[PDB]
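The file entry-v3.tsv comes next; it holds TSV, C-alpha atoms.
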chain	number	residue	atom	x	y	z
S	2	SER	CA	-13.08	-152.88	-92.93
S	3	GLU	CA	-12.26	-156.53	-93.79
S	4	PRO	CA	-9.10	-157.27	-95.83
S	5	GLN	CA	-9.78	-158.73	-99.28
S	6	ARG	CA	-7.59	-160.65	-101.72
S	7	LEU	CA	-7.21	-158.24	-104.63
S	8	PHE	CA	-5.78	-157.89	-108.15
S	9	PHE	CA	-5.97	-155.67	-111.25
S	10	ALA	CA	-6.67	-157.41	-114.58
S	11	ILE	CA	-7.57	-157.18	-118.26
S	12	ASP	CA	-10.59	-159.30	-119.26
S	13	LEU	CA	-11.37	-161.23	-122.42
S	14	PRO	CA	-14.47	-160.79	-124.63
S	15	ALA	CA	-16.95	-163.66	-124.32
S	16	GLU	CA	-16.54	-164.99	-127.85
S	17	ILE	CA	-12.78	-165.31	-127.39
S	18	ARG	CA	-13.12	-166.98	-123.97
S	19	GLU	CA	-15.31	-169.61	-125.66
S	20	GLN	CA	-12.86	-170.08	-128.54
S	21	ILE	CA	-10.08	-170.56	-125.96
S	22	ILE	CA	-11.84	-173.28	-123.98
S	23	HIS	CA	-12.85	-175.20	-127.15
S	24	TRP	CA	-9.21	-175.07	-128.28
S	25	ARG	CA	-8.02	-176.10	-124.79
S	26	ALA	CA	-10.32	-179.14	-124.71
S	27	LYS	CA	-9.09	-180.10	-128.19
S	28	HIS	CA	-5.37	-180.10	-127.37
S	29	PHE	CA	-5.15	-180.87	-123.66
S	30	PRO	CA	-6.46	-184.00	-121.94
S	31	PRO	CA	-7.89	-183.52	-118.42
S	32	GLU	CA	-4.67	-185.17	-117.20
S	33	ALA	CA	-2.54	-182.28	-118.51
S	34	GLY	CA	-3.56	-180.11	-115.56
S	35	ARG	CA	-6.43	-178.32	-113.83
S	36	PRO	CA	-8.40	-176.17	-116.30
S	37	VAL	CA	-9.32	-172.56	-115.53
S	38	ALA	CA	-13.08	-171.93	-115.84
S	39	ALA	CA	-14.02	-169.80	-118.86
S	40	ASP	CA	-15.30	-166.90	-116.73
S	41	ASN	CA	-12.04	-166.92	-114.75
S	42	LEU	CA	-9.72	-166.46	-117.72
S	43	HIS	CA	-7.93	-163.10	-117.45
S	44	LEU	CA	-4.62	-161.32	-117.79
S	45	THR	CA	-3.32	-160.09	-114.42
S	46	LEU	CA	-1.68	-156.65	-114.40
S	47	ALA	CA	-0.64	-156.58	-110.74
S	48	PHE	CA	-1.29	-158.97	-107.87
S	49	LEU	CA	-1.86	-156.91	-104.72
S	50	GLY	CA	-2.38	-159.47	-101.94
S	51	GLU	CA	-4.56	-159.20	-98.85
S	52	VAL	CA	-5.59	-155.55	-98.73
S	53	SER	CA	-7.18	-153.48	-95.96
S	54	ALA	CA	-10.25	-151.47	-96.94
S	55	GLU	CA	-7.98	-148.52	-96.23
S	56	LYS	CA	-5.29	-149.32	-98.77
S	57	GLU	CA	-7.93	-150.64	-101.17
S	58	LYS	CA	-9.16	-147.04	-101.36
S	59	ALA	CA	-5.70	-145.58	-101.94
S	60	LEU	CA	-5.03	-148.05	-104.72
S	61	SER	CA	-8.48	-147.42	-106.21
S	62	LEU	CA	-7.97	-143.66	-106.18
S	63	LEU	CA	-4.54	-143.93	-107.80
S	64	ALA	CA	-5.76	-146.35	-110.50
S	65	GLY	CA	-8.24	-143.52	-111.11
S	66	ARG	CA	-5.33	-141.19	-111.89
S	67	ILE	CA	-4.02	-143.35	-114.73
S	68	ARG	CA	-4.35	-141.74	-118.16
S	69	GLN	CA	-3.67	-144.36	-120.79
S	70	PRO	CA	-4.98	-144.90	-124.31
S	71	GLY	CA	-6.49	-148.28	-125.19
S	72	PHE	CA	-4.52	-150.94	-127.05
S	73	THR	CA	-5.11	-154.13	-129.03
S	74	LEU	CA	-4.09	-157.60	-127.76
S	75	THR	CA	-3.46	-160.43	-130.21
S	76	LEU	CA	-2.85	-163.76	-128.53
S	77	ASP	CA	-0.29	-165.37	-130.84
S	78	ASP	CA	1.67	-167.28	-128.17
S	79	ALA	CA	1.35	-170.23	-125.79
S	80	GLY	CA	3.77	-172.03	-123.52
S	81	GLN	CA	4.33	-173.75	-120.21
S	82	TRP	CA	6.16	-172.76	-117.02
S	83	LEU	CA	7.11	-175.95	-115.14
S	84	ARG	CA	8.22	-174.19	-111.94
S	85	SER	CA	4.86	-172.38	-111.71
S	86	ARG	CA	3.08	-175.45	-113.10
S	87	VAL	CA	1.04	-173.40	-115.59
S	88	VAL	CA	0.08	-173.56	-119.21
S	89	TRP	CA	-0.52	-170.05	-120.52
S	90	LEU	CA	-1.58	-167.93	-123.49
S	91	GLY	CA	0.35	-164.76	-124.38
S	92	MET	CA	1.44	-162.12	-126.91
S	93	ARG	CA	4.98	-162.30	-128.37
S	94	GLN	CA	5.39	-158.53	-128.58
S	95	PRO	CA	2.85	-157.05	-126.20
S	96	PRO	CA	1.95	-153.40	-126.88
S	97	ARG	CA	3.79	-150.66	-124.97
S	98	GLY	CA	0.53	-149.57	-123.37
S	99	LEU	CA	0.03	-152.92	-121.62
S	100	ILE	CA	3.48	-152.83	-120.06
S	101	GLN	CA	3.08	-149.17	-119.03
S	102	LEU	CA	-0.30	-149.96	-117.46
S	103	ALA	CA	1.03	-152.95	-115.53
S	104	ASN	CA	4.11	-151.05	-114.38
S	105	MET	CA	2.11	-148.02	-113.15
S	106	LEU	CA	-0.14	-150.37	-111.13
S	107	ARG	CA	2.86	-152.26	-109.75
S	108	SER	CA	4.45	-148.94	-108.69
S	109	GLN	CA	1.44	-147.18	-107.15
S	110	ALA	CA	1.34	-150.00	-104.59
S	120	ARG	CA	10.39	-160.85	-110.88
S	121	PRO	CA	9.58	-158.73	-113.97
S	122	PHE	CA	6.15	-158.49	-115.65
S	123	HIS	CA	5.37	-161.41	-117.94
S	124	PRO	CA	1.84	-160.79	-119.21
S	125	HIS	CA	0.02	-164.07	-119.71
S	126	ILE	CA	-3.38	-165.68	-119.42
S	127	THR	CA	-3.27	-168.94	-117.48
S	128	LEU	CA	-5.22	-171.86	-119.02
S	129	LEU	CA	-4.25	-174.83	-116.82
S	130	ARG	CA	-3.11	-174.98	-113.20
S	131	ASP	CA	-1.06	-177.78	-111.57
S	132	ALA	CA	0.51	-178.69	-114.91
S	133	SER	CA	3.52	-180.40	-113.32
S	134	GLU	CA	4.30	-182.54	-116.35
S	135	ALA	CA	5.77	-181.08	-119.51
S	136	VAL	CA	3.29	-181.28	-122.40
S	137	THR	CA	3.27	-180.38	-126.08
S	138	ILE	CA	2.22	-176.79	-126.66
S	139	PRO	CA	0.44	-176.14	-129.96
S	140	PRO	CA	0.04	-172.56	-131.17
S	141	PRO	CA	-3.16	-170.67	-130.16
S	142	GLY	CA	-6.20	-170.76	-132.44
S	143	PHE	CA	-6.58	-168.19	-135.20
S	144	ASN	CA	-7.39	-164.46	-134.86
S	145	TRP	CA	-7.75	-164.14	-131.08
S	146	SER	CA	-7.36	-160.36	-131.34
S	147	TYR	CA	-9.30	-157.62	-129.58
S	148	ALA	CA	-9.39	-154.06	-128.26
S	149	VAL	CA	-8.73	-153.49	-124.54
S	150	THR	CA	-11.06	-150.67	-123.42
S	151	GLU	CA	-10.78	-150.86	-119.64
S	152	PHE	CA	-9.18	-152.60	-116.67
S	153	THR	CA	-10.75	-153.96	-113.48
S	154	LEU	CA	-10.04	-154.36	-109.76
S	155	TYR	CA	-11.07	-157.84	-108.64
S	156	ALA	CA	-11.50	-159.66	-105.33
S	157	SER	CA	-10.84	-163.40	-105.31
S	158	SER	CA	-12.77	-165.66	-102.98
S	159	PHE	CA	-13.18	-169.44	-102.70
S	160	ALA	CA	-16.83	-170.50	-102.84
S	161	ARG	CA	-18.29	-174.03	-103.15
S	162	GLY	CA	-14.78	-175.32	-103.84
S	163	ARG	CA	-14.43	-173.14	-106.94
S	164	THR	CA	-12.47	-169.91	-107.31
S	165	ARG	CA	-14.61	-166.79	-107.72
S	166	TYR	CA	-13.57	-163.35	-108.95
S	167	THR	CA	-15.72	-160.38	-107.88
S	168	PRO	CA	-15.35	-157.13	-109.86
S	169	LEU	CA	-15.03	-154.15	-107.51
S	170	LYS	CA	-14.28	-151.25	-109.87
S	171	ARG	CA	-13.38	-150.66	-113.52
S	172	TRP	CA	-11.56	-147.83	-115.31
S	173	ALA	CA	-11.93	-147.07	-119.00
S	174	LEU	CA	-8.74	-146.72	-121.00
S	175	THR	CA	-8.95	-143.76	-123.39
S	176	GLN	CA	-9.06	-143.98	-127.17
Is it possible to give me this structure as structure tokens?
Amino acid sequence: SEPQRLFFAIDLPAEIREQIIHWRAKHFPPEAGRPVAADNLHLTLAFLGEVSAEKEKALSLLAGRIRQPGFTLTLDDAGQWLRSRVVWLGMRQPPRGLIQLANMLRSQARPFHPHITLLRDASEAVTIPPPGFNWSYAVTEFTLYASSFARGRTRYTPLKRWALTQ
């Protein structure tokens, strides 16, 4: 069947997504770059690319084999990558479990730099304040997404999720 544009990701709880966009609006003018919609904020584990229905299944079945306890993410970090033109949110010392999860999903298919992108096309350097306070939460699952382009906007469609253990 049709090839889709796929990726595995960790999502953010709704309250934190809202805190993040309020903070973003407070510290970044619209000129600083193109803002990611609140529902589209996520932390990518592995970008897969265009994927046949065939190899979608083989990746889905192997993600199903992963046996990994949950972990907590605390977003204490923010910065900018000029070459990628992105302003991002991150964790200074991400938990072992996040790295192990991303690596397993990169292997079943540049090194892993877990981040959540806030602004795209941020070609100009800008001042990066620290993140807001207490953006900390338990990761309980990860999701396989398809990305389309609908009405000009980017849309992520959840295909499958897998609970992490705890």
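Between residue 58 in chain S and the candidates S:127, S:144, S:110, S:25, the tightest atom-to-atom separation, counting only C-alpha atoms, involves S:110.
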Neighbouring residues of residue 23 in chain S were defined as those with any atom within 12 Å, considering all atoms listed in the file; residues of the same chain fewer than 5 positions away were excluded. Please report them as a ChimeraX atom specification.
/S:16-18,28-29,36,38-39,128,141-142
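Counting only C-alpha atoms and comparing S:4, S:14, S:71, S:121, the residue that lies closest to residue 172 in chain S is S:71.
Considering the residues S:62, S:129, S:33, S:47 and counting only C-alpha atoms, residue 79 in chain S has its shortest atom-to-atom contact with S:129.
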Of the candidates S:45, S:133, S:20, S:146, which one gets nearest to residue 74 in chain S if we count all atoms listed in the file?
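Checking each of S:45, S:133, S:20, S:146 against residue 74 in chain S, counting all atoms listed in the file, the winner is S:146.
With CA of residue 87 in chain S on one side and CA of residue 35 in chain S on the other, the separation reads 9.1 Å.
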Near-residue 94 in chain S list (12 Å; only C-alpha atoms; drop same-chain fewer than 5 positions) as an NGL selection string:
:S and (73-78 or 99-100 or 123-125)
One number please: CA of residue 96 in chain S to CA of residue 57 in chain S, in Å, one decimal.
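Those two atoms sit 27.7 Å apart.
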Counting only C-alpha atoms, figure out which residue out of S:126, S:173, S:52, S:136 gets nearest to residue 5 in chain S.
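Under the stated criterion, the closest residue is S:52.
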Which is closer to residue 107 in chain S than all the others in S:54, S:11, S:92, S:63, using only C-alpha atoms?
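So, comparing all the options, the nearest one is S:63.
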Between CA of residue 90 in chain S and CA of residue 106 in chain S - distance in Å to one decimal
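Taking CA of residue 106 in chain S and CA of residue 90 in chain S, their separation equals 21.5 Å.
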Find the spatial neighbours of residue 167 in chain S, counting all atoms listed in the file, within a cut-off of 10 Å - ignore same-chain residues fewer than 2 positions away - and output them as a ChimeraX atom specification.
/S:7,153-158,165,169-170
